[PDB]
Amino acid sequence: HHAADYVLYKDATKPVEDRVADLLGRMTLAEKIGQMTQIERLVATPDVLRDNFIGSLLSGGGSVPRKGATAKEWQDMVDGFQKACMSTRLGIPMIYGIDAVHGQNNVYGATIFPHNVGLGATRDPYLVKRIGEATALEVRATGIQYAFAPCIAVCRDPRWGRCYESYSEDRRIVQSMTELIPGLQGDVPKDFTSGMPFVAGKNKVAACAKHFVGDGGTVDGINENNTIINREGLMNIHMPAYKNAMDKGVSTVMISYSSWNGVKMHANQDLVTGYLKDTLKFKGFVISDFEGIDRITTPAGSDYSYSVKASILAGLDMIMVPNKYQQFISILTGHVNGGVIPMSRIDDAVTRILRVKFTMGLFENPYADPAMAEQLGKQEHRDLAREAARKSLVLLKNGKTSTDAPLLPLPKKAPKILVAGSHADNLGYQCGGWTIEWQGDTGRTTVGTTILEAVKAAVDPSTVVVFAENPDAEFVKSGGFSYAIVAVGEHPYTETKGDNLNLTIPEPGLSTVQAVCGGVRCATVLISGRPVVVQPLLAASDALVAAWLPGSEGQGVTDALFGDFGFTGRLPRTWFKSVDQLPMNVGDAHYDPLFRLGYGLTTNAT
């Protein structure tokens, strides 16, 4: 189609399938294997990217150009890597991925949305689609084109350190919240074929349904462990939302560290190829988890040759190496040169990678848009996060007896009020894991509004607000307080660090609640990734709210405390009476909850 030096795959007007086929047919084996290779920015240089024809880069959790980097800094980093990739013989742009799982959460100044369990509590799939839209904008503000989200794990045991990354123990809720996908990627066209990848263009990102499959079903909630369940249960609980994701054009699927009945997912041809590819008709690319192939073996990494063989034959398309690229590339090249892995399997992997890249517009817009930088932390997106935080809150108690005056909503005008607790003025604690650092952090780690700041911003000018982190009982009783707001709960955690068999909050937390509530009427705000042992906290408190991990916009919490909006959240998980009950999910035969799934008290706006 005209010009003497015309190359079909570089023609934007051509159908994606024709561009993929035209490009594939030109590639060397080294070029093909390079597309299948994703490396950490920590090991990337221009020469590495060029010499090894690398297909993708990622930032893992906390992998940043520097602490406090601006949006432009991120764009410059990503474009530097892109220029190197575009300088190869074939000029195939890399795709850059990141965990933007509650906003663009590694980035300083990014809006931090509530974690998934609180989103589950909202029962509001359109809110979650809007959050996807806003997240895509803030990811593209940093030049990144690919988010490792949503986690559609169905967490069946809150002892799991990733339970907060699951919208619910009820697959139907998880299914509903697959609306994240068209928020991130754009809505699919009317004609769309389920399982095809889709991204609308340069203001959207590729998504990733993760972690396939049964990551939420592991024995005793042990992260990365074995999900012991028959096929019927895997298909009825852990699988459904993947089909919703196909329907919505999810571009990629990331495989789980976990096993299913003792078979590593990263080596499970029947499920990756037989089921996802051949039965759900997924036509995007399948990515490993981080050193996922290494972990096929015990010890991990003890037979990398086998790891490469087993994962690639199972049907994985792109390997998140992410550091030992030369070992990966060499081993895979050897397996193809030896006939162990057929060229058909390489060609399938590369077709799928390229299909996503061309579909998303990455050949047409391989570089960042400077005008998008101001999307980062944009006030409209904070307003959305504040809405989401407020909707996520579940009111568990609002009065010690049935005849007490309800404590919430609180008056904004009172002579003096107390705000207390470890979690009242700690932004990192309110955001939880996957915020700035992999495992989250403590203190003022980003731009946001703590619960204390929110209270000060809400109350009448005549209202004196006193903060005490851990006041003793005498301080409370002598203070002349009208009421207290006391916030306590879990410290930030992620993945195996958060696996927890006792589910009791750290001290001082209960002791602070008891000291405060013993002296003045109190509303307790519980910050957690999951249900935790809560009867002691309830017994002390006039009112108690499960605020989950609400993110950067602490005014969402005060919007409900002070009655600007009513409480509407409902539990998206069972609240257990004791951890000896676990696992215990809605619908089980022996179901004896403290609070059932769907529980939540309400208030009316004042």
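Throughout, we count residues from 1 along the sequence that is shown.
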Entry-level comparison of average CA B-factors, 577-585 and 564-572, reporting the higher stretch: 577-585
57-65 set against 23-31, stretch whose average Cα temperature factor tops the other in the entry: 23-31
Deposited CA B-factor, highest of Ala121, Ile451, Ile222, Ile131: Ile222
Residue with highest C-alpha B-factor in the PDB entry, from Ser256, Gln439, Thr193, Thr135: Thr193
Ranked against its chain, the third holding the CA B-factor of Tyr164: lowest
Ranked against its chain, the third holding the CA B-factor of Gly498: highest
For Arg521, the third of its chain into which the C-alpha B factor falls: middle
Chain-relative CA temperature factor third for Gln175: middle
Where the record places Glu553 (Cα B-factor, split into thirds across the chain): lowest
